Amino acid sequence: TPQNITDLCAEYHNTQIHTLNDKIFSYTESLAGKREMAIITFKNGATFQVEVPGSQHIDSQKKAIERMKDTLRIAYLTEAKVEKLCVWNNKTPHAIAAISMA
């Protein structure tokens, strides 16, 4: 289908591209109760979550959420420049739907 993150964002409702061109400032991770998630920030203060697996997610997304938390952690610990995040702007903080790195 889509060949880039911007075009893939255009397929879904309630989404927007954030352009960072910057490494992740911090990585939070929680195994607590109903908050099995990860949060990341950048130097500009911008904050993003990978969502708790829930009823908003179809079954094929289950594995892809676990992969995204794997991706953020290694990007943080190798200082990889992240280009964009396509997110869902109808949640607080914005829920990562995708990531690109260049």
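Position 1 is the first residue in the sequence shown; the rest follow in order.
Asks: For the higher mean C-alpha B factor in the entry, choose 93-101 or 2-10.
Replies: If you average the C-alpha B-factors of 93-101 and of 2-10, the larger mean comes out for 2-10.
Asks: In the PDB record, does 37-45 or 68-76 carry the higher mean Cα temperature factor?
Replies: Mean B over CA atoms: larger for 37-45.
Asks: Quick one: classify residue 61 as lowest, middle or highest third of the chain based on its Cα B-factor.
Replies: Middle third, going by the recorded CA B-factors of the chain.
Asks: Determine, from the deposited record, the chain-internal third of the Cα B-factor for residue 26: lowest, middle or highest.
Replies: Its C-alpha B-factor belongs to the lowest third of this chain's values.
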